[PDB]
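In: Next one to model:
(chains A, B, C, D and E, ligands or ions: 9)
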Amino acid sequence: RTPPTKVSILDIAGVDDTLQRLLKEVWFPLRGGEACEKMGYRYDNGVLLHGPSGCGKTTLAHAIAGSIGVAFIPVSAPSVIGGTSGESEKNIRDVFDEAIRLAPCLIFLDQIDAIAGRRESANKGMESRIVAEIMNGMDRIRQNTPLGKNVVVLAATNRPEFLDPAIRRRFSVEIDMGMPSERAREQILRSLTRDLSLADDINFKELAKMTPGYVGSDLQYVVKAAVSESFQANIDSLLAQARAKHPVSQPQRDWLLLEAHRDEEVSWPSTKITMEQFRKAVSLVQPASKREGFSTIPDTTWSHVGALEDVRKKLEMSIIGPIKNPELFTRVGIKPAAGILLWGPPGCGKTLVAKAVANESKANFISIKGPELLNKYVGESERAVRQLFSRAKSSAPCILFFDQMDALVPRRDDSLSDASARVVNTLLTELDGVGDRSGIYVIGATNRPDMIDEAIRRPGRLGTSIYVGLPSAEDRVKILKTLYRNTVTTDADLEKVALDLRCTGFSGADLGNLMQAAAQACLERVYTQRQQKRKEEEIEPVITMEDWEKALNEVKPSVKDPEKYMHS
Amino acid sequence: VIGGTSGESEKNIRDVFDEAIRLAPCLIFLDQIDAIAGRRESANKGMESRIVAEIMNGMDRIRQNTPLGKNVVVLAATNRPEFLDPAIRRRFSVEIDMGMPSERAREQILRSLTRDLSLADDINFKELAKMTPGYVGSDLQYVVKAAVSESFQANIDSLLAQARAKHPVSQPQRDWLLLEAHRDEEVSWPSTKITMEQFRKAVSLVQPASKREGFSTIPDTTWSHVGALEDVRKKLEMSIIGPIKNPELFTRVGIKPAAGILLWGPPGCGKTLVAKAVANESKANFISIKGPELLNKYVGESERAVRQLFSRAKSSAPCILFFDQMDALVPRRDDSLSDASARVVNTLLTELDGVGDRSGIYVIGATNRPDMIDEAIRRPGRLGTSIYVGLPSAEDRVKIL
Amino acid sequence: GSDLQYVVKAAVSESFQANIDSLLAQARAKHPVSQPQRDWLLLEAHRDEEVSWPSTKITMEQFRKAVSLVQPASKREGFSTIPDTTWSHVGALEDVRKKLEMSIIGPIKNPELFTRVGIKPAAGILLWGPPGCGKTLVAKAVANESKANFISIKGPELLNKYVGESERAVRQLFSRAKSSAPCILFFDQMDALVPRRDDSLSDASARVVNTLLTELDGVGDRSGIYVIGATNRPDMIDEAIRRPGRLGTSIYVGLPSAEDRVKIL
Amino acid sequence: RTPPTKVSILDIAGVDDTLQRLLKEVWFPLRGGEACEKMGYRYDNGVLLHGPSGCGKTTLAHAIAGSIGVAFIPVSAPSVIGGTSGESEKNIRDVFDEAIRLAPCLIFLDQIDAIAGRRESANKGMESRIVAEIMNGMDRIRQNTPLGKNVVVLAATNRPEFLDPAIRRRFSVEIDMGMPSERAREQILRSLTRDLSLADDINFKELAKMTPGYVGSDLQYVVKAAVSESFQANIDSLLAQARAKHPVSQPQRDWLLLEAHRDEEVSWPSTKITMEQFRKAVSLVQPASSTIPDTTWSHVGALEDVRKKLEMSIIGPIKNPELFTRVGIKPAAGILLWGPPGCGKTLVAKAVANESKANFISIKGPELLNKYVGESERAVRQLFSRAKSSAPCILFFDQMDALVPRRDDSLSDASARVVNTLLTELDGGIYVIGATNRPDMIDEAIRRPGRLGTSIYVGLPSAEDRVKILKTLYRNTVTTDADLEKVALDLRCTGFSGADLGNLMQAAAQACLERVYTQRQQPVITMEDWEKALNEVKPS
Amino acid sequence: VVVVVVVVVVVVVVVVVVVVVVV
Ligand SMILES: Nc1ncnc2c1ncn2[C@@H]1O[C@H](COP(=O)(O)OP(=O)(O)OP(=O)(O)O)[C@@H](O)[C@H]1O
Ligand SMILES: Nc1ncnc2c1ncn2[C@@H]1O[C@H](COP(=O)(O)OP(=O)(O)OP(=O)(O)O)[C@@H](O)[C@H]1O
Ligand SMILES: Nc1ncnc2c1ncn2[C@@H]1O[C@H](COP(=O)(O)OP(=O)(O)OP(=O)(O)O)[C@@H](O)[C@H]1O
Ligand SMILES: Nc1ncnc2c1ncn2[C@@H]1O[C@H](COP(=O)(O)OP(=O)(O)OP(=O)(O)O)[C@@H](O)[C@H]1O
Ligand SMILES: Nc1ncnc2c1ncn2[C@@H]1O[C@H](COP(=O)(O)OP(=O)(O)O)[C@@H](O)[C@H]1O
Ligand SMILES: [Mg+2]
Ligand SMILES: [Mg+2]
Ligand SMILES: [Mg+2]
Ligand SMILES: [Mg+2]
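Out: Residues are numbered from 1 along each chain as shown, chains lettered A, B, ... in the order given. Ligands and ions are numbered 1, 2, ... in the order given. Here you go:
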């Protein structure tokens, strides 16, 4: 009945585009209805707020309500149910009547989908009647009003697709708040850190750059996480007092020490948050978008990738580059989104560079292991693909890595069945929806490009093809040095091993097998070495040049026909 | 919190959060939150959907109605975080992953469990931690419970002999009958220290929960059952048996703690026999796959079983996966291979060597047709080494006979 | 009718835009953070201090702005007005223009002139060639020089996750296409909707090939609809399509000249 | 559940054989139960009606119910299923109990196949339990009914094979409502047109001949379409009256004119439906099922020798089935047309199909070959599966030498499996026509008598025949006739077949369009258009 | 009024098949 005059517009930031639409669609036909009365125009606009969960929908609808000043009727869907089938409609009939009786008025149906789901699956009689009562109540607004003191019903929900189409048709105005951009997140961070003590090194613009895919709720956790880091020094001092009072692992003792006193509360000095604590806070906070379905960042760096300079240049100029400098690349017409289909013989490093790109781009990473999205139920197999891109867009920039993609988009022959074709078509449409300025970088890897659909390789789709093939003799030297370096002979002996004619067809995996064979040959030599020198555990196994000599003899290339993989 | 009335169930949850705010500073523990906060998208029921929405409002009332200096923390525990509603999972600012304990953690757990017990001085907890891979904190409790019952084994035989000698059908049925008439006839149990040998016996008796589904029994074959195959035994001992027993030694020279071996050769030469010896002589966990037994008639279930298969081998490392007659599970990817079998080959390609790390899983394959296996599988990283188990020689038949 | 109601609703909001800026200007003059936030704070200040919004009327310039902001419901699913593309946007391809002006453009303009010499309409054209060469561009030029309605619906965009609805969608496609005659249906990347009517098709893709075949028989003579299909692999398309009378005559759109590439670059 | 005395026996026709069985199996154990009572034997008969959809299954069960007069309980299978799993059995248990409580009674389980499906594949618990509930409810009828009165269960379904064999066994009487024949369709048409005013030219036998593959529902639309055409004259007269009363587009005014009067009613003259409107109505109505070709003998030029052979083995034994059957002339299963390609083999088969008024299916060669072991033979069997259902039907196998090659030793196991399937189907009102240009490659078991043992050679025209064909082609599309002689007698048409002459006419037509285009930059088909058409058309 | 727990119908699934080739 009264506005909630405790949250203001200043407390909600980053919604500048959303607040612009809400000015001419909610505020105006609630306070300046006289102009509409002079104009003679009924306002039947049902304003619907939708977007990712945590974007500040509930808070905004309460901040707007407190600012407009007109009578406000907050409605919570679970609180509508009282304990009787007929009483549920009584609560709804007591809202649309009260708003009409107290027009102009604002109705907020928070979590509308909790009582406005799909009626097709609504088997229960009570559930299907609440939707009918709600939808009829909107027509009464258009009828029982002077066409001047309009009543606007505002509904907020994080699942706009769950609304009954009988209801969503009645909500003409739909406001997609979406996720805030880099400029918007800076505004939120400044707004959030307004009652706190801060240092001078805090660059909120820098903080916004390295928090992609965060929403207003997620940015609140980053501030909250940084506050805890600011109090870390005030806990160690509290721990030290407990240690000095008392003459099991260390963390357990800390709980036991603080459990002891529980009454001798000591003053926490009022320190301020530095910039180093904010960087620590961002790492500790996982955004709500990255909670589910996002793979862990691989441990592979460019130091783990030997040679492949041509592939590295293409990857550092099409994916890693645009992620680091989205403005430098967009000046030369390089859009911050790409689709790359890595292909080549097996064992040559297609997955290795994709794991290095995911790790060297510092961006979000989603990995799909072949036909991981297929499900035995109807529609759920296709919904997984659509939901896959529903989070890749929300967490842009994001890297989608389809490993062994020939199993997910096979050639649409007669022997395909009406289950994977429905997924290939869905995957084709989603790749079309990936905008040039969307921020999704799709990487595909397959070792049999002759079995992958040719429709996936068109522009807009995975139209960029990078060939990863067998290394040359000079190329294997970089790879063999890279492999030996990452496991610890020096580097001059590695050139002799890699340039040997017995490694003519070796791929990247074969060179790794060569090193493992030499390592096993060392241990066999060590086992006999420690039996002649002993009959004390001080034996030193070291990979010697003679171990490489017998490793070259017993290792053959895993690739049979190198030219079999150059045909597509 | 579930009530029979049409609104009682939601009211109970509203009462929980309102009470906590009234009782701030308060800690709320929602144990098994996935039971009531499942995805309402798939949980197509109005009460279930309105229960989830009431929790969202409750967790927001705490953030606003609590006065300064009196905070309310909402703890929640669930072993299926993927069942949570994303609108609710986002409402937890902190997610803590308590994975399976490591060797250092298991030693600490055993000390905490064996804290109020009369232990012996020969107990080497750092040895017990290394001999129980894949155990969780709940499994280690059963090892201690099994060890305690073993200590009373000598206290039960004495008690049985007391009843058996007090008055003159198999023997175990007699024991129950004697104790059936021995009710309220309490006899003192002299408590004794739990020997270190009882703990080793207790570990064998306790099977960890990760090994209670899909894990095959260890074969009884040993190296005394295998004749000849001296070269094959050396390669298997260096590639699998070696790193399983001494992981530290092989890590020093730079050998990844994972192996892939493809045993191939003419039929009847001992490919399954030596794979059963490795699975038995390595003293590691064993999962045996009998040909194309992972295939399912539903869409995506065949590849789900393969992915779930490695989800068990990885969590119980070191583990040995034996694919007997492997050519039926990884045929060459041709245009005539159909999609049901081609989607399984690619799933096994990503599991053996992909983005994910499978260190601690050792894969053995046996087949009479090595040339019919996909060329991507037969590369270092998936099945790196091929061992030829051919016909015995003249002097090998003597050892075999 | 629904879209024109949105245009009126859009024009009304634009008509009240001037009454908010004037209200904002008064608040600014009273008081010597992003701009939208200030607007809420400025209007929060007065509130009860009601100022009479002047009663203005909608002009024609506001209606023109409203039309641009409003996307008609027909453009949601590929129905579009006559394209703005002329033959001046199409470089070279003189041979293709002559074939199109005698089999498509001609019969659209004079449906009676062609029927006098026993030339039945709806001859059926399958544009094909490498991607990016102007197959959709030339189809937009045909739609504009024919002065007929143009629909650009792609094979994969019409697919829906249900039994029968993919083939039933095609029949509704020609139902509205018929109501707006003359109309040009452009099936882009048609090789994914009609690959080949073999025995191994299942009664889900067969229901779309059979439905599309019947609709192509019904086309042109009765209604003025000329269906155009595009595919880049003229070996992956169904043989039931490329028969005389439905989709016979094949025109290859590709190989741009040097001057056409200059405009694109 | 009272019997509706609405649809009568007169309103259901063509079921004379069906109505004879239903008299001693439904009427007797519902009205004359006393005779069973004296003998003391309950008569429980579950009558099952099955056939193509639209054959008049639902209507028959309601016409019988209204004539018997006993209590009637209409049951629709989908409405039995309720929201709760247990409620579905509740609906069924409230039916078989009600019939027992209200014996004697008639139960109509319309669309029984919607719930009595095969519980084998119906692995869901509810699906497999409806069938069990249905079967138990029928046993209670046999047990708990009195000796005096019987309860008859009538079930209708268009897919009798989908019924659970545990259920189809409970329906002893099965009536397969096939499709009506020419004699039967005449009875249906007369029954439908019984309360209408008709003219004297209406030949119901002619209507039945030219409506093959129609069912009772389709024939109701044909009657409904002709009735609307019969009122077209009554609307123009109605419009003129409104115009004469009142001195915006025309259709809007017509609505406004009729809104004026309303209560003021003027007489509609009682006109009658002619036969020409019935012929127009049939064309406008497309049956749910192929279609008689539009090619007549006026489209076929010359070929008099071929026509006589075709008019004596196929076309004759269709128009007068009794005149030919009087002298022992069985209708040969078909004709094997052979000759060079493009000479009118498909054209004449379409002409035979049109003067025979039967359905036509054309196969353009090896369309039936499949890479699978069974679908290639199933396509041939499905070809004859529809041909029987739409009898009379003409099956035309064009270029049949690729579908039935000679079964030599070098044949493998793919074409032999197709020849055998085709041989058995030809043994099983279907007129199969085959065409091939290499008769030395077709199996000799096909060309035996009873199978396609009649061979008619359709060959290239010499010179006079092309004149008739070119005149025929030009006549059906609108140069005069003197120029057509010059074109056909030109030495450039030496090897032209029938298709080449058709291609020649299209080339001349295209040459006309080129002339119109240049005329409008600075239409009658002229001789100069033929001049450039002769150059650009090859015999191929 | 007391809301009771009521069981409902089940979802449908997909099944893969194998098809022979005469070639
Ligand atoms: N732009 C923002 N500026 C400041 N705080 C924000 C912003 N967006 C969100 N928040 C904070 O995050 C929380 C948002 O709660 P709210 O219920 O509005 O989330 P939501 O977007 O509506 O999602 P849901 O509907 O799933 O609850 C509040 O604590 C609010 O302070
Ligand atoms: N340039 C390289 N430098 C060092 N090691 C390399 C290089 N290329 C490949 N390797 C080694 O080979 C392994 C191959 O891993 P990856 O999965 O990328 O193989 P692949 O080339 O993708 O073949 P597949 O098709 O079997 O996946 C790497 O993990 C690494 O051990
Ligand atoms: N080297 C050997 N020493 C002793 N016994 C052997 C040896 N090789 C084979 N055998 C005997 O032959 C049996 C064959 O069992 P196994 O399953 O290994 O056959 P296989 O060699 O794997 O052939 P396949 O894989 O074709 O089944 C063994 O169980 C053992 O009894
Ligand atoms: N033998 C017939 N005599 C008269 N009218 C008939 C006959 N057969 C069908 N009809 C007419 O056609 C329609 C048939 O209705 P009905 O519902 O019985 O069809 P059906 O054969 O049961 O097929 P479906 O199962 O699709 O309903 C009615 O309008 C009926 O008047
Ligand atoms: N006697 C004829 N009169 C008119 N047109 C004919 C005649 N013979 C053949 N044609 C024309 O030749 C074309 C091909 O006919 P036909 O030979 O039956 O089919 P196909 O060439 O496929 O075997 C038809 O379009 C028809 O118009
Ligand atoms: Mg919210
Ligand atoms: Mg790889
Ligand atoms: Mg074996
Ligand atoms: Mg019926």
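In: biggest helix in chain A by residues?
Out: helix A:508-532 (DSSP state H).
In: So is that helix next to ligand 2?
Out: Yes: using C-beta under 6 Å from any ligand atom, helix A:508-532 reaches ligand 2 at A:508, A:509, A:512. For every residue, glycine as well, the C-beta is placed using N, CA and C.
In: relative to strand B:259-264, how tilted is that helix?
Out: Angle of helix A:508-532 versus strand B:259-264, following axes from the mean of the first three to the mean of the last three C-alpha atoms, to 10 degrees, is 100 degrees.
In: Which elements pack onto the helix or strand just after helix A:508-532?
Out: Scanning forward in sequence from helix A:508-532 by DSSP states H and E, the next helix or strand is helix A:545-553. Contact partners of helix A:545-553 among helices and strands, from 3 or more C-beta pairs under 8 Å, 6 or more residues apart in numbering or on different chains; DSSP states H and E: helix A:492-498, helix A:508-532.
In: Identify the residue spatially nearest to the residue of the stretch 151-300 of chain A found nearest ligand 4, adjacent ones excluded.
Out: Residue nearest to ligand 4 within the stretch 151-300 of chain A: residue A:165 (30.5 Å; C-beta to the nearest ligand atom). Among residues not flanking residue A:165 along the chain, residue A:118 sits closest, at 7.9 Å (C-beta to C-beta, 6 or more residues apart in numbering or on different chains).
In: Stretch A:295-308 near chain B anywhere?
Out: Yes: using C-beta under 8 Å from any C-beta of the partner chain, we find that stretch A:295-308 touches chain B at A:295, A:298.
In: which of the residues in that stretch are buried?
Out: Residues of stretch A:295-308 classed as buried: A:295, A:298, A:300, A:302, A:304, A:305, A:306, A:307, A:308 (neighbour count, 16 or more other C-beta atoms under 10 Å in any protein chain shown).
In: Narrow the residues you listed to those in strands?
Out: In strands, judged by DSSP state E, none of the buried residues of stretch A:295-308 are found.
In: Distance to ligand 4 for these - can I get that in JSON lines?
Out: Formatted as JSON lines, these follow (distance: C-beta to the nearest ligand atom, whole Å):
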{"residue": "A:295", "distance to ligand 4": "55"}
{"residue": "A:298", "distance to ligand 4": "62"}
{"residue": "A:300", "distance to ligand 4": "65"}
{"residue": "A:302", "distance to ligand 4": "70"}
{"residue": "A:304", "distance to ligand 4": "69"}
{"residue": "A:305", "distance to ligand 4": "68"}
{"residue": "A:306", "distance to ligand 4": "72"}
{"residue": "A:307", "distance to ligand 4": "72"}
{"residue": "A:308", "distance to ligand 4": "67"}
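In: quick one, what contacts the closest residue to residue A:210 other than its chain neighbours?
Out: Leaving out its chain neighbours, the residue that sits closest to residue A:210 by C-beta to C-beta, 6+ apart is residue A:282, at 6.3 Å. For residue A:282, the contact set (C-beta atoms under 8 Å, 6 or more residues apart in numbering or on different chains) comprises A:207, A:210, A:211, A:222, A:225.
In: and the helix or strand where residue A:282 lies, how far out from the chain's middle?
Out: Residue A:282 belongs to helix A:275-284 when assigned by DSSP H and E. Distance of helix A:275-284 from its chain centroid, counting by C-alpha atoms, centre = their mean, to the nearest Å, is 19 Å.
In: Report the secondary structure state of residue A:490.
Out: Three-state assignment for residue A:490 (DSSP: H, G, I helix; E, B strand; the rest coil): coil.
In: Tell me, how many residues neighbour it?
Out: 9 (other C-beta atoms under 10 Å in any protein chain shown).
In: And the strands in chain A, which stretches?
Out: Going by DSSP E, chain A shows strands at A:47-50, A:71-76, A:105-110, A:151-157, A:174-176, A:338-343, A:364-369, A:398-403, A:440-446, A:464-467.
In: So for residue A:201, which of the ones you listed sits nearest?
Out: Closest of the strands of chain A to residue A:201 is strand A:364-369, at 26.7 Å (criterion: C-beta to C-beta).
In: CA atoms only for the closest one, dumped as PDB, please.
Out: The C-alpha coordinates for strand A:364-369 follow below in PDB (Å, rounded to 0.1, in the frame of the first residue of the first chain):
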ATOM      1  CA  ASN A 364      36.300 -18.700 -19.600                       C
ATOM      2  CA  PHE A 365      36.600 -22.300 -20.900                       C
ATOM      3  CA  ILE A 366      33.900 -24.900 -21.700                       C
ATOM      4  CA  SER A 367      35.000 -28.300 -23.000                       C
ATOM      5  CA  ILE A 368      32.700 -30.800 -24.600                       C
ATOM      6  CA  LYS A 369      34.100 -34.400 -24.800                       C
END
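In: Within the sheet, what are the partner strands of it, with directions?
Out: strand A:398-403 (parallel) (DSSP bridges).
In: Can you tell me what sits against the strand it pairs with?
Out: Contacts for strand A:398-403 (C-beta under 8 Å, 6+ apart): A:213, A:295, A:319, A:351, A:354, A:357-358, A:361, A:363-370, A:388-389, A:391-392, A:408, A:439-445, B:350, B:354-355.
In: Filtering those by proximity to ligand 7, which remain?
Out: The residues of the contacts of strand A:398-403 that also fall near ligand 7, by C-beta under 5 Å from the ion, are residue A:351.
In: Can you say which of the contacts of strand A:398-403 are buried?
Out: For these, a burial check counting by 16+ other C-beta under 10 Å picks out A:213, A:295, A:319, A:351, A:354, A:357-358, A:361, A:363-370, A:388-389, A:391-392, A:408, A:439-445, B:350, B:354-355.
In: OK, contacts around residue A:203?
Out: residue A:275.
In: how near is it to residue D:534?
Out: Going from residue A:203 to residue D:534 by C-beta to C-beta, to the nearest Å gives 85 Å.
In: how close does the residue of the stretch 151-300 of chain A closest to ligand 4 get to residue B:42?
Out: 20 Å.
In: one step back: which residues touch the residue nearest to residue A:165?
Out: Residue A:118 neighbours (C-beta under 8 Å, 6+ apart): A:162, A:164, A:165.
In: how does it look with 10 Å?
Out: Neighbouring residues of residue A:118 by C-beta atoms under 10 Å, 6 or more residues apart in numbering or on different chains: A:131, A:161, A:162, A:163, A:164, A:165, A:166, A:167, B:44.
In: any idea how far ligand 2 is from the third one?
Out: In this case it means residue A:162. Using C-beta to the nearest ligand atom, to the nearest Å, we find residue A:162 at a distance of 40 Å from ligand 2.
In: nearest residue to that residue other than its sequence neighbours?
Out: Nearest one to residue A:162, counting by C-beta to C-beta, 6+ apart, is residue A:113 at 4.3 Å.
In: same check, this time on residue A:487
Out: residue B:254 (3.3 Å).
In: In the stretch 201-350 of chain A, what residue lies closest to chain D?
Out: Residue nearest to chain D within the stretch 201-350 of chain A: residue A:343 (29.0 Å; C-beta to the nearest C-beta).
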